[PDB]
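I'd like to ask some things about the structure below.
Read from first to last, the chains carry the letters A, B, C, D, E, F, G, H and I; within each, the first residue is number 1.
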């Protein structure tokens, strides 16, 4: 629609699509190297 | 309300006014050829409303002189009135004549002694039209030179990378450009009562040697059809003379190609109407001009209508937005830069062949008189417009 | 000083365009030719709407 | 610079080279030579006198 | 310069050319004319300085 | 690692076309292998031609489950992906 | 300031830097011996250099 | 990268540079470069794009190569419209990310 | 920044398409960028201000 009409800088900037929160993690050692 | 002025216009003043409007449009928009609309409205903060005297291009226009586009238009009109119809060899000879006189040439400097002499005309011609109508003089054939051109003007070769054709330099000047659609108002007016398929045969004959492509022919066809439509009409029928009428009439019968129909539909359902402009400095910075420029940028690429479809769609926007105000429409068309001579000259041709004669301001007539064309050229135009009102052999 | 200069230049627009057009052709001018060109285009005797807006 | 801006209708970096020069002179107008009205007359409690190029 | 000019009498342009070959420097290729911007800007600079000085 | 699936797909299509005798614009990215003029003892010849063109070795189980030129291209892209490691 | 007096060195001539076409020609010739794909649009490559 | 500092290469195996450059850090670089090129395309009279690329020399940044004409402003002119367009194009990457 | 965000917002489809193309090709040319962007319906800017 016109989601860009309701873009607010105070309350937070976010696109339409829901939070691509993909992540994975090894330990700090296997991450550094 | 709309343009009233006189009553219902006749059928001779219509034609002479179409040629006169084409003249004033080309002469007024000549110096602003090849620049964007923000640049034009920043150089002319008080509006593009008078003949410019000071031009500093590579081939400078002089005060009160038209370009090659109107030369071709009027030569088509005259030669047509001579052979009483669209006969290819006749008007092609007339065109090479208009391209020949007054000109000059330059020689070369090549190691082995290679000689590709450059002929410089006395006016401004598109490089593709220059090339094709000097290949005609180069001795070669008149019918299959487009096939040499489509593959000659292919300096684009690979154009490896390099994204937008922003530079008019990388835009496609060739068999599908605006050259054909620019000279199809007088043709479409000579055939206002002849039938659509006969009209199409005529406009196809006038194109065979330069614009064989289908989309260029479609552009020529829609502009000629608009010319004929407004020719048959009268400026007083507050129901017959409406932009929606002309646009739907175009959409149904004539518009056959895909993208042309898309642009026409887009122009149709987003069309709006400007109110009367008296202060141009305030109009050039308002919501209305901005909305119009937004639609114009939709209808083209970065404000440059090189392909015939973009050209014809832009031509209808400038004219249908000032319904009832022809001079305002030709000013708005010249204010958009790009191919301003061609766009504004076609808008003026149509405004003339619809409204007639009583709308050309006195200052533009006087400017045509005081230029280099002078009384000779001015009344040559009015006379070629008079010797067009009734010619129908074959 | 800026206001004074900008008030000088936004009266002689015709003379400035005549000068630019002349200089674009020959790429060179002498002060006497420049002076006569500017003389050919004296400033406006009165101010209309456009002149007032520019000023 | 103001002429380029009044011809084009848009700012440029040409002004960038003008005002620099002018600013130097304008300071020398106010501080060193005492032409302004900074104080009631144009006498100012601080000025920057030049050194010789011999240094 | 004058003897290459097909003449023998020194003209103003000729002594001006000599002063410039030493005061300024050697000649260089002209400004491109493919776009209006360069020559328009530089010529407007020159004609603005000249017109304001004359006024 | 990072493989350009576009080039691989183009060349797989070209190889299939040249192998069967069908024009390149007819073999669609999802056209199966029996409908394009090939039996069972001819999907193995085009497998051999694919290996010969790319100079890689096809895994065999993944070759038992090839049905669309897209999956062929994807198998080949996965093979070329894991080459140095 | 000595070798500039009349007769010794009286004429200076200026060689500019090449352009799109100049660079195109320059790179065309330095490659006659190297291995190069034939369909190289040398002009376009010189446009970005 | 100089005497020490560093922290920009991405393929050396040392404690600084991870070996395969994790995927969540490739999505971001692609989004960045895509936003920058998209804004440089729709801007009237910007330079022209010759080649967009991501991860050149394994560093964690993009690289867009711009062809420009030396005869529109002969190595000397800067107008206001051009500077504002450049500002917009340089913020586009962060904004898209 | 307001202009940058607005122009990325009204062009969401083209932005995601070009992002995918860059993710799966690594490099891309100006003609390909033009084609990808025009295939998804970009909405240009009217002026650079």
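What we mean here is this: a residue touches a chain if its C-beta (ideal position, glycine included) is under 8 Å from a C-beta of that chain, and two chains touch if they have at least 3 such contacts.
Engineer: If each hop has to land on a touching chain, what is the smallest number of hops from subunit A to subunit G?
Structural biologist: Contact-graph shortest path, subunit A to subunit G, evaluates to 2.
Engineer: Could you work out how far the Cα centre of subunit A sits from that of subunit B, in whole Å?
Structural biologist: 52
Engineer: Could you put a whole-Å number on the gap between the CA centroids of subunit F and subunit I?
Structural biologist: From the centre of subunit F to the centre of subunit I is 32 Å.
Engineer: Between subunit E and subunit F, what is the gap in Å from one C-alpha centre to the other?
Structural biologist: Here subunit E and subunit F have centroids separated by 70 Å.
Engineer: Quick one: report the Å distance separating subunit C from subunit F, using the average Cα coordinate of each chain.
Structural biologist: Centre-to-centre distance between subunit C and subunit F: 74 Å.
Engineer: Which subunit I residues reach two or more other chains?
Structural biologist: In subunit I, residues 5, 26, 29-30, 33-34, 43-49 touch at least two other chains, as defined above.
Engineer: Give the residues of subunit A that touch two or more other chains, as numbers and ranges in rising order.
Structural biologist: None at all.
Engineer: Show the residues in subunit D shared as contacts by 2 or more other chains, in ascending order.
Structural biologist: Touching at least two other chains: 2-3, 6-8, 10, 12, 14.
Engineer: Throw together a list of every chain pair that touches.
Structural biologist: All chain pairs meeting the touch criterion are A-H, A-I, B-C, B-D, B-E, B-G, B-H, B-I, C-D, C-E, D-E, D-H, E-G, E-H, F-I, G-H, H-I.
Engineer: List the residues on subunit G that touch subunit E in their complex, please.
Structural biologist: Touch residues, subunit G against subunit E: 12-14, 16.
Engineer: Would you pull the subunit B residues touching subunit I in the complex into a rising list?
Structural biologist: The contact residues of subunit B facing subunit I are 36-38, 159-164, 290, 293-294, 297-298, 301-302.
Engineer: Which residues of subunit C touch subunit D once you look at their complex with the stated criterion?
Structural biologist: So the residues of subunit C in touch with subunit D come to 1-2, 5-6, 9-10, 13, 16-17, 20.
Engineer: Can you list the residues on subunit H that touch subunit G in the complex?
Structural biologist: 50, 65, 67
Engineer: Spell out the part of subunit B that touches subunit H in their complex, as residue ranges.
Structural biologist: Where subunit B meets subunit H, its residues are 36, 38, 161-164, 166-167, 302-303.
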